[PDB]
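Participant: Starting off with a structure, shown below.
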2 protein chains.
Amino acid sequence: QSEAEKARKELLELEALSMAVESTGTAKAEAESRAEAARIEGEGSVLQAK
Amino acid sequence: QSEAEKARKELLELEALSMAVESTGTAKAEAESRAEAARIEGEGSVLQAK
């Protein structure tokens, strides 16, 4: 179990790189979508107010 | 499972590019539609008020 643990530390630190991706990628995606929609509304509001 | 995880990080970061598309494209579409309808109303209102 000392041998099935030195490798299991390696399986764990690779899951930490992978879980970084699933989380930073998900939050990056839902936030850049809201920033783009609000830019369209913002450039239109300048014209609409003109 | 360390091997079925170094590849699964690759499957995950490609899903992050793909999920960017489904979200920025959907919000870009529903917001540019509202900007165009409000421009037609806005150019007509100038004539209608004339």
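Chain identifiers are assigned as A, B, and so on, following the order in which chains appear in the structure tokens; residues are numbered from 1 within each chain, and ligands are numbered from 1 in order of appearance.
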I'd like the contact shell of residue 8 of chain B - 12 Å cut-off, only C-alpha atoms, skipping same-chain residues fewer than 3 positions apart - returned as a list in words.

Facilitator: residues 14, 15, 17, 18, 19, 21 and 22 of chain A; 1, 2, 3, 4, 5, 11, 12, 13, 14 and 15 of chain B

Participant: Restrict the distance test to only C-alpha atoms, flag each residue of chain A within 6 Å of chain B, and return the flagged residues as number ranges by chain.

Facilitator: A: 11, 18, 25, 29, 33, 37, 44

Participant: With N, CA, C and O atoms retained, export the selected residues as a PDB file, in the first residue's frame.

Facilitator:
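New file selection_11.pdb:
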ATOM      1  N   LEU A  11      -1.598  10.140  -9.728  1.00  0.00           N
ATOM      2  CA  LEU A  11      -2.959  10.241 -10.237  1.00  0.00           C
ATOM      3  C   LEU A  11      -3.680  11.444  -9.652  1.00  0.00           C
ATOM      4  O   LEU A  11      -4.546  12.033 -10.305  1.00  0.00           O
ATOM      5  N   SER A  18      -6.349  18.754 -14.332  1.00  0.00           N
ATOM      6  CA  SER A  18      -7.577  18.546 -15.081  1.00  0.00           C
ATOM      7  C   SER A  18      -8.744  19.307 -14.474  1.00  0.00           C
ATOM      8  O   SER A  18      -9.573  19.862 -15.199  1.00  0.00           O
ATOM      9  N   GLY A  25     -12.291  26.978 -17.284  1.00  0.00           N
ATOM     10  CA  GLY A  25     -12.880  27.057 -18.605  1.00  0.00           C
ATOM     11  C   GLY A  25     -14.370  27.307 -18.559  1.00  0.00           C
ATOM     12  O   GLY A  25     -14.920  28.010 -19.407  1.00  0.00           O
ATOM     13  N   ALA A  29     -16.127  30.906 -19.719  1.00  0.00           N
ATOM     14  CA  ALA A  29     -17.062  30.878 -20.832  1.00  0.00           C
ATOM     15  C   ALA A  29     -18.342  31.630 -20.503  1.00  0.00           C
ATOM     16  O   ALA A  29     -18.857  32.384 -21.334  1.00  0.00           O
ATOM     17  N   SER A  33     -19.419  35.467 -22.256  1.00  0.00           N
ATOM     18  CA  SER A  33     -20.675  35.600 -22.976  1.00  0.00           C
ATOM     19  C   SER A  33     -21.456  36.809 -22.487  1.00  0.00           C
ATOM     20  O   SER A  33     -22.016  37.564 -23.293  1.00  0.00           O
ATOM     21  N   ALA A  37     -22.624  40.272 -24.835  1.00  0.00           N
ATOM     22  CA  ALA A  37     -23.995  40.747 -24.956  1.00  0.00           C
ATOM     23  C   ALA A  37     -24.142  42.161 -24.414  1.00  0.00           C
ATOM     24  O   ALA A  37     -24.891  42.972 -24.969  1.00  0.00           O
ATOM     25  N   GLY A  44     -25.275  49.847 -28.950  1.00  0.00           N
ATOM     26  CA  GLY A  44     -26.573  50.210 -29.485  1.00  0.00           C
ATOM     27  C   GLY A  44     -27.210  51.351 -28.721  1.00  0.00           C
ATOM     28  O   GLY A  44     -27.859  52.216 -29.309  1.00  0.00           O
TER      29      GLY A  44
END
